[PDB]
Each structure stands twice: as C-alpha cells, then as structure tokens.
Chemist: 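Below is one structure. I have some questions about it.
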Amino acid sequence: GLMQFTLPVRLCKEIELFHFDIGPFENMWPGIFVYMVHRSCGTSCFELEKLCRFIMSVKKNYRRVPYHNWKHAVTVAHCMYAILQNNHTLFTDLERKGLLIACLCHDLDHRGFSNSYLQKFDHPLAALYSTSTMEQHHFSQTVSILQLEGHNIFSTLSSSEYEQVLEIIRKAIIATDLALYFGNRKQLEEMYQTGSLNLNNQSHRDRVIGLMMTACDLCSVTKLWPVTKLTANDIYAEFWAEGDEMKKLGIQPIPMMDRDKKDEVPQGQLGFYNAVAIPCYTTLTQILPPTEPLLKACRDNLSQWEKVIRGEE
Ligand SMILES: Cc1nc2ccccc2nc1CCc1nc(-c2ccccc2)cn1-c1ccccc1
Ligand SMILES: [Mg+2]
Ligand SMILES: [Zn+2]
C-alpha cells in the first residue's frame, strides 16, 4: 500500500521521455513496468501480488525470438506510458488500466513469423483466425493468463467495467495488425481535416487508440539513432529467417525477407518511414499535440537513413 517502486535517478528522469531505452538488464524490466502502472494509473489500480504474478506469466509466454520478444513488449508499454502521461486528462480510468496491459500483452507467444507465412504454411492458427491471425492469438493468450488462479488483476472491477476493459484490450491488440493501420489512419486524417473528429464518439476513440497502438508498436523509429539502427538488425533477423522458410516452402519471398537483398535495407527503411512511420506520428501529433517529440525523433531517423544511402555512414 505505502510501497512505491523507485528507479535510479537517470532512469527516474529519462523514463518520462518518449526516446527512453529500457536497457539490457532484463531483471529490471518488471520493476520498470510496475513503476509505469503506478504513476499513470495509481498504486491502487492493481493488487501488487496479482500484478507481479501476471507480469511474470506474460514474460514466460514471450519466446526467445530476435525482435518480437519480452523487451519489445516492455518497450511498446513504455511508449504508451509516455503518451498517457503527456495527455493526462484525455483518457478514462479504465483506458489507463487497459492500454499498458494491452501493450505488455500485444505480441504474446509470437513465433517471429508474419500472418502471411502462417497462411502459406497452413498453420492451425490460420484456420482458427482468417484475418489478423497472430493478433487474435495474442488476445487469446491474454485472456488465458488473466484466468489463471491469482492472475486476475481486474477482479475489483464490476462485471460491465470488466467487459469494457477486455474490449479496450481486444481492439488495442487487433489494431497492432499493420494491415489495418492504413485505413484507420486515412479515416482519422479525413475526420480531423473535415473537423468531424469527436472524442465522445466511442467509435472515434477506438480509432485514436488504434493509432496510439501503431505509434507504440513502431516506436523503434523514435529512439536515438544507435538504438534505431541496432533494433533494425533484430527486425531483419526475423524477416530473413521467414524468407528462408518461404524458400523452404518453394516460394521466392518478397525482397524485405530475402537476406540475399540485405544491400537494399536503407531504401526499404526510407519507404517505411515515408509510407508508414511519418504518416503515423503526423496524424497522432494532429490529434494529440504533446506526442510531437515522436514525430520529431522519427524525422531525425529518416534523415539518418538518408545519410546511410549517401554513404556518409
Ligand atoms: C516492416 C518493418 N517494420 C519496422 C518496424 C519498426 C522499425 C523498422 C521496421 N522496418 C520494417 C521493414 C521496412 C521495409 N524494409 C523493406 C526492404 C528491405 C530490404 C530489401 C527490400 C525491402 C521494405 N520495407 C517496407 C517499405 C514500405 C512499407 C512496408 C515495408
Ligand atoms: Mg504484433
Ligand atoms: Zn509488436
């Protein structure tokens, strides 16, 4: 009750910034997450004992893959922490509770392969869920862990508040399917520009939380350049193994997944910043002005990839 989590001074100050990197000490990541729930939600949001047991069951259900791992989960939750803390009064008590958990759980039991690879392989998950295949799995793992004994962190909510929070989590996790992001951002663009965007309209809020989910999920492009650059190695290490597996099914993969085309990574990153990242943080900044540092950091990293192409590194 009177038991705060507290971080060393450098972490206590830098964790509040969007570009914070959670560091290589895995054993500190649970404490970092609890610190974030406590400050963004309250010391009363979750029973410490259940929250600690839930965090460790979530950790155990992330796999040892290069990129879609436990560090990614805590990293995406920290980006959400930064958004919520810079937009204090815009979010409900339930949204605060739900979104950090959603972020922590959003890639539960990821195998390092895309929805497309699961469909070409004819993985059982692709017959159980025909679209957003991994994301419906991630939500399914979240509910499994919430129903283990001593793991129900939402036990103090009413039956209707409980259903509302699980519904925020489901929509937030589904939204991390990048195939869905393009249309969600186009709609948000049009609504913001014709002045129809209405944060009391539940279907509008849903869209805004979806875009926040994309922004947190892609937040590697908003780090300091050496963090961005080293993360990109992990990202391609997964895509290239997927490419290897496509070649084993007798299918030439797309060039993004073909390790034989490493040389094109810099040009690929430009496409991605221009087509996905920049548009994402631009619309987010329009809707939530205090998230502008994410857009500024993204643009700095685009300028760094332009330098790579010009052989200035
Ligand atoms: C998905 C992705 N997600 C990321 C998430 C966070 C940070 C970095 C990320 N990088 C990528 C790869 C971004 C890319 N590389 C390529 C690529 C690379 C090498 C050879 C050929 C193509 C294309 N494209 C791409 C372009 C436009 C739209 C979509 C993908
Ligand atoms: Mg995912
Ligand atoms: Zn993710």
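Residue numbers start at 1 and run along the sequence shown.
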Chemist: Tell me yes or no: between the side chains of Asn115 and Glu135, is some donor less than 3.5 Å from an acceptor?
Modeler: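 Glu135 and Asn115 do have a side-chain donor-acceptor pair below 3.5 Å.
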
Chemist: Could you measure the distance from the NE2 atom of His78 to the SG atom of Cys219? Nearest 0.5 Å is fine.
Modeler: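 Rounded to the nearest 0.5 Å, the NE2-SG separation comes to 8.5 Å.
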
Chemist: With a 4.5 Å limit on heavy-atom distance, are the side chains of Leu108 and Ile145 in contact?
Modeler: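 Side-chain contact under 4.5 Å: yes.
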
Chemist: Taking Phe18's backbone N and O only, do any of them form a donor-acceptor pair with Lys223's side chain (distance below 3.5 Å, no angle check)?
Modeler: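 Yes, the answer is positive, given that a donor and an acceptor are paired below the 3.5 Å cut-off.
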
Chemist: Distance from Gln286 atom CD to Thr291 atom OG1, nearest 0.5 Å?
Modeler: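 The CD atom of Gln286 sits 10.0 Å away from the OG1 atom of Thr291.
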
Chemist: Would you say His38 and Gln4 are linked by a side-chain donor-acceptor pair, where the criterion is simply a distance under 3.5 Å?
Modeler: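 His38 and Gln4 do not have a side-chain donor-acceptor pair below 3.5 Å.
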
Chemist: Can you confirm whether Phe154 sits close enough to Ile169 that some side-chain heavy atom of one is under 4.5 Å from a side-chain heavy atom of the other?
Modeler: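 Yes; the side chains approach each other to less than 4.5 Å.
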
Chemist: Nearest 0.5 Å, what's the CE-CD distance between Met134 and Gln141?
Modeler: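 If we round to the nearest 0.5 Å, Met134:CE and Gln141:CD are 8.5 Å apart.
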
Chemist: Would you confirm whether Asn152, through its side chain, and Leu146, through its main-chain N or O, come within 3.5 Å as a donor-acceptor pair?
Modeler: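 Flag set: sc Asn152 to bb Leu146 pair under 3.5 Å.
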
Chemist: Within the distance-only criterion (no hydrogens, no angle test), does the side chain of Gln164 pair as donor or acceptor with the backbone N or O of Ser160 below 3.5 angstrom?
Modeler: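 Yes; judged by distance alone, with no hydrogens or angles, the pair exists.
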
Chemist: Check the pair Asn69, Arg63 against side chain to side chain contact (heavy atoms under 4.5 Å, CB included), reporting the backbone distance first and the verdict last.
Modeler: CA-CA 6 Å; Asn69 59 38; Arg63 295 188 181 237; over 6 Å; no

Chemist: More than 12 foreign heavy atoms under 6.0 Å from CG of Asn198: is that the case here?
Modeler: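 Counting other residues, nucleotides and ligands, CG of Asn198 exceeds 12 neighbours.
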
Chemist: Given the side-chain rings of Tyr81 and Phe33, with only the six-membered ring counted for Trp, is the space between their centroids under 6.0 Å?
Modeler: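 No: the rings miss the under 6.0 Å criterion.
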
Chemist: Got a donor-acceptor contact below 3.5 angstrom from the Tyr281 side chain to the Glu292 backbone?
Modeler: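 Side chain of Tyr281 to backbone of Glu292: no pair is present.
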
Chemist: Listed by chain and number, what are the side-chain hydrogen bond (donor to acceptor under 3.5 Å, both in side chains) partners of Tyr192, not counting sequence neighbours?
Modeler: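 Applying side-chain hydrogen bond (donor to acceptor under 3.5 Å, both in side chains) to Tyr192 gives none.
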
Chemist: Rounded to the nearest 0.5 Å, how far apart are CZ of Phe20 and OG1 of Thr75?
Modeler: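 So the CZ of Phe20 and the OG1 of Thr75 are separated by 9.0 Å.
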
Chemist: Kindly indicate, with the supporting measurements, whether the criterion side chain to side chain contact (heavy atoms under 4.5 Å, CB included) is fulfilled by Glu245 and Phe121.
Modeler: CA-CA 9 Å; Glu245 294 298 329; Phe121 180 85; over 6 Å; no

Chemist: Surrounding CD of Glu49 (heavy atoms of other residues, nucleotides or ligands, distance under 6.0 Å), is the total greater than 12?
Modeler: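 Not buried by this count: 12 neighbours or fewer within 6.0 Å.
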
Chemist: Looking only at heavy atoms, what is the nearest atom pair of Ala175 and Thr214, with distance?
Modeler: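 It is O-OG1, 3.9 Å.
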
Chemist: Within the 3.5 Å criterion, strictly below it, is a donor on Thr283 or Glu189 matched to an acceptor on the partner's side chain?
Modeler: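 A pair is found: one side chain offers a donor N or O, the other an acceptor, under 3.5 Å apart.
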
Chemist: Which distance, rounded to the nearest 0.5 Å, do you find between the CZ of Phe182 and the CD of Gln187?
Modeler: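 One finds 15.0 Å between CZ of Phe182 and CD of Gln187.
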
Chemist: Do the side chain of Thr222 and the main chain of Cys298 share a donor and acceptor less than 3.5 angstrom apart?
Modeler: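 No: the side chain of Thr222 does not pair with the backbone of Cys298.
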
Chemist: Provide the full list of salt bridge (charged side-chain N to carboxylate O under 4.0 Å, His left out) pairs with a residue in residues 30-47, sequence neighbours left out, each pair given once.
Modeler: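 Residue pairs passing salt bridge (charged side-chain N to carboxylate O under 4.0 Å, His left out), neighbours aside: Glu16-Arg39.
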
Chemist: Under a plain distance cut-off of 3.5 Å, with no hydrogens placed, do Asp217 and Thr176 share a side-chain donor-acceptor pair?
Modeler: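 The criterion, which ignores hydrogens and geometry beyond distance, is not satisfied for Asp217 and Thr176.
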
Chemist: Quick one: ring pair (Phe, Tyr, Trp, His ring centres under 6.0 Å) partners of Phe139, sequence neighbours excluded?
Modeler: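 Here no residue qualifies.
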
Chemist: Using side chain to side chain contact (heavy atoms under 4.5 Å, CB included) as the criterion, point out the one residue from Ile83, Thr282, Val221, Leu288 that pairs with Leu294.
Modeler: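 Single side chain to side chain contact (heavy atoms under 4.5 Å, CB included) partner of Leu294 among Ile83, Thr282, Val221, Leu288: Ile83.
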
Chemist: I'd like to know whether CZ of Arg299 has more than 12 heavy-atom contacts from other residues, nucleotides or ligands below 6.0 angstrom.
Modeler: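 Atom CZ in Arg299 is not crowded, with 12 or fewer foreign heavy atoms closer than 6.0 Å.
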
Chemist: Quick one: does any side-chain atom of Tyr181 pair with a main-chain N or O of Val276 as donor and acceptor, under 3.5 Å?
Modeler: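 Yes: the side chain of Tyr181 pairs with the backbone of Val276.
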
Chemist: So, the side chain of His88 versus the backbone of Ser40: is there a donor-acceptor pair under 3.5 Å, distance only?
Modeler: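 Between the backbone of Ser40 and the side chain of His88 there is no qualifying donor-acceptor contact (under 3.5 Å).
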
Chemist: Short question: side chain of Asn61, backbone of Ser57 - any donor-acceptor pair under 3.5 Å?
Modeler: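 Pair found, side chain donor or acceptor close to backbone of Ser57.
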
Chemist: Taking atom CD of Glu163 as the centre, report whether more than 12 heavy atoms of other residues, nucleotides or ligands fall under 6.0 Å from it.
Modeler: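 Open: at most 12 neighbouring heavy atoms sit under 6.0 Å from CD of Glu163.
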
Chemist: Would you give me the side-chain donor-acceptor pairs under 3.5 Å for residues 124-133, sequence neighbours excluded?
Modeler:
residue	atom	partner	partner atom	Å
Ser132	OG	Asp177	OD2	2.7
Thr133	OG1	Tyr129	O	2.6

Chemist: For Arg310, look at atom CZ and say whether over 12 heavy atoms of other residues, nucleotides or ligands are found less than 6.0 Å away.
Modeler: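 Counting other residues, nucleotides and ligands, CZ of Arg310 exceeds 12 neighbours.
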
Chemist: On the 0 to 90° scale, with breaks at 30° and 60°, tag the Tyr62-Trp70 ring pair as parallel, tilted or perpendicular.
Modeler: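 Rings of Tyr62 and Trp70: tilted, 30 to 60°.
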
Chemist: Go through the steps to decide whether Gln252 and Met246 satisfy the test side chain to side chain contact (heavy atoms under 4.5 Å, CB included), and finish with yes or no.
Modeler: CA-CA 7 Å; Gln252 255 301 128; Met246 290 288 286; over 6 Å; no

Chemist: Quick check: do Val65 and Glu238 have side-chain heavy atoms less than 4.5 Å from each other?
Modeler: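 In contact.
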
Chemist: I'd like to know whether NZ of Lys50 has more than 12 heavy-atom contacts from other residues, nucleotides or ligands below 6.0 angstrom.
Modeler: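 More than 12 heavy atoms, drawn from other residues, nucleotides or ligands, come within 6.0 Å of this atom.
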
Chemist: Could you pull out the closest heavy-atom pair between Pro255 and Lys261, with the gap in Å?
Modeler: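 Where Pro255 meets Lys261 most closely, the heavy atoms are CB-CD, 3.8 Å.
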
Chemist: How are the rings of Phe239 and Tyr236 set to each other: parallel, tilted or perpendicular (split at 30° and 60°)?
Modeler: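 Plane angle over 60°, so perpendicular.
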
Chemist: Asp300 and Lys296: salt bridge (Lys or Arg N to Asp or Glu O under 4.0 Å), yes or no, with the steps?
Modeler: CA-CA 6 Å; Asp300 287 335; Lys296 164 194 183 307; 3.4 Å; yes

Chemist: Distance-only, no hydrogens or angles: does the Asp258 side chain make a donor-acceptor pair with backbone N or O of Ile254 under 3.5 Å?
Modeler: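 No, the answer is negative, given that no donor and acceptor are paired below the 3.5 Å cut-off.
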
Chemist: Looking at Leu224 and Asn301, what are the two nearest heavy atoms and their distance?
Modeler: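 So the two residues come closest at C-OD1, 4.4 Å.
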
Chemist: For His106, which of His72, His137, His138 qualifies under ring-ring contact (aromatic ring centres under 6.0 Å, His included)?
Modeler: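 The passing option is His72.
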
Chemist: Enumerate the side-chain hydrogen bond (donor to acceptor under 3.5 Å, both in side chains) contacts for residues 24-36, please, sequence neighbours excluded, ordered by first and then second residue.
Modeler: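 Every side-chain hydrogen bond (donor to acceptor under 3.5 Å, both in side chains) pair that includes a residue of residues 24-36, provided the two are not neighbours, is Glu26-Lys59.
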
Chemist: About how many Å separate CG of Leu11 and CD1 of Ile22, when rounded to the nearest 0.5 Å?
Modeler: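 Result: 10.5 Å between the selected atoms.
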
Chemist: Can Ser114 and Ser116 be counted as having a side-chain donor-acceptor contact under 3.5 angstrom?
Modeler: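 Their side chains do not contain a donor-acceptor pair, so the 3.5 Å distance test is not met.
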
Chemist: Between the side chain of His151 and the main-chain N/O of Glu149, is any donor-acceptor distance below 3.5 Å?
Modeler: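 Present.
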
Chemist: What salt bridge (charged side-chain N to carboxylate O under 4.0 Å, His left out) pairs are there with at least one residue in residues 192-206, not counting sequence neighbours?
Modeler: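 For residues 192-206: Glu95-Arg205, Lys171-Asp206.
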
Chemist: Side chain to side chain contact (heavy atoms under 4.5 Å, CB included) for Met213 and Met80? Distances and angles first, verdict last.
Modeler: CA-CA 8 Å; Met213 294 295 304; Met80 175 67 67; 3.6 Å; yes

Chemist: Looking at every non-hydrogen atom in both residues, tell me the closest pair between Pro8 and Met28 and how far apart they are.
Modeler: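 Answer, listing the atom of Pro8 first, then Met28: CD-CE, 4.4 Å.
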
Chemist: So with a 6.0 Å cut-off around CD of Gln85, is the heavy-atom count from everything else above 12?
Modeler: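 Atom CD in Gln85 is crowded, with more than 12 foreign heavy atoms closer than 6.0 Å.
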
